[PDB]
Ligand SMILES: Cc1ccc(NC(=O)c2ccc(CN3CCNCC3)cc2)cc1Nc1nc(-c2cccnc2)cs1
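Below sits a lone chain in structure tokens, taken as the form deposited without this ligand.
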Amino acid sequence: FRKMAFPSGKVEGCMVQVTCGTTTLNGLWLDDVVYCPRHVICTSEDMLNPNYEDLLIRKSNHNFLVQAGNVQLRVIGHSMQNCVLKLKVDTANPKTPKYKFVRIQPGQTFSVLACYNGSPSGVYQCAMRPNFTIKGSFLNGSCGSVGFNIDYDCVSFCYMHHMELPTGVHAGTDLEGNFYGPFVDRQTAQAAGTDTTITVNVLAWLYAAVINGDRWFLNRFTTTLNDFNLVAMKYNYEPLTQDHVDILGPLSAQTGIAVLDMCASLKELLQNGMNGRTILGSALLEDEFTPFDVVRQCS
């Protein structure tokens, strides 16, 4: 059972290179617009305390070098929407897939196409942490790389990487420019806040374990919603709601294990630990699979 990412072909054809002054980072070319973080207009000194409205006025259309492989694009319009730049260009992307812009919720997963100077380099799956950060691989020059999900033929763009926090974690915005969490595109100290474990995801992962043979953790006990939630706060687990119990419905039915019985296995898991053994080959509880991810990787 593997963390597995969406096929990235439809996003690769959207990845361009955007250079303004000395700063160069990645952009997203959909239709006749290129989307990129607004701090492409920042020098390394500007990042300490930028006035973006002021800094953008120093710039005109010809100051922006948008490159899609070997082709330059003529920039014929520029606009700042929150923390993203919108570079109106003359040529519409012939490879523009069917796409939406969505703002996802904490605990939901997505794929990330890591790019460096407009060229894709890797793809990986991750989750939006409850504190609105993501833990990933964003080396120098990965700014502008996007996160997405793919339904059928539609690419739901949900994430654009802007900053690596001083604590090593990453933060960014939706495609409208609004940061997830309380983060600002400024090189200052920013608190991420207490992270928690996505409890609905861990339960979904345990359901994947039962379906794939691993069942040692299945317990005789059961428990109540309130009793389990009391054990959740202690171990920094998201509180389990009835919505979360409903979403785990199809999984509970295919394995014939009630959600509350699975919560009791998790309870003894939280209170006793792995105690040496593994689940699906992992020595710790995995919370980066949503119930939708598990069902997609089963039947």
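Counting begins at 1, following the sequence as shown.
Legend: mean Cα B-factor per stretch from the PDB entry, 214 to 222 versus 108 to 116; the higher mean is in 214 to 222. Between 167 to 175 and 73 to 81, the higher mean Cα B-factor belongs to 73 to 81. If you compare the C-alpha temperature factors of 253, 247, 28, 42 in the entry, 253 comes out highest.
Looking at the C-alpha B-factors along this chain, the one for residue 152 belongs to the highest third.
Residue 298: CA B factor lies in the highest third for its chain, per the PDB record. When the modelled residues of the chain are ordered by C-alpha B-factor, residue 23 sits in the highest third. Split the chain's modelled residues into thirds by C-alpha temperature factor. Residue 198 is in the lowest one. Split the chain's modelled residues into thirds by C-alpha temperature factor. Residue 9 is in the lowest one.
This protein has a second form, the form deposited with this ligand bound, left out of what is shown; the following refers to that one.
The site on this chain is blocked, since this ligand, superimposed from its pose in the deposited bound form on the surrounding C-alphas, has 3 or more atoms within 2.4 angstroms of backbone or C-beta atoms. Only one segment in the set 211 to 219, 70 to 78, 135 to 143, 104 to 112 has any non-hydrogen atom within 4.5 angstroms of this ligand in the deposited bound form, and it is 135 to 143. A single residue from the set 164, 176, 195, 227 has any heavy atom within 4.5 angstroms of this ligand in the deposited bound form; that residue is 164.
Residue-level contacts in the deposited bound form: of 51, 63, 44, 236, one residue has a heavy atom within 4.5 Å of this ligand, and it is 44.
Although the partner is absent here, residue 129 sits far enough away that none of its heavy atoms falls within 4.5 Å of this ligand in the deposited bound form.
In the deposited bound form, this ligand stays beyond 4.5 Å of every heavy atom belonging to residue 282. Although the partner is absent here, residue 39 is a contact residue: one of its heavy atoms lies within 4.5 angstroms of this ligand in the deposited bound form. In the deposited bound form, residue 88 stays away from this ligand, with no heavy atom inside 4.5 Å.
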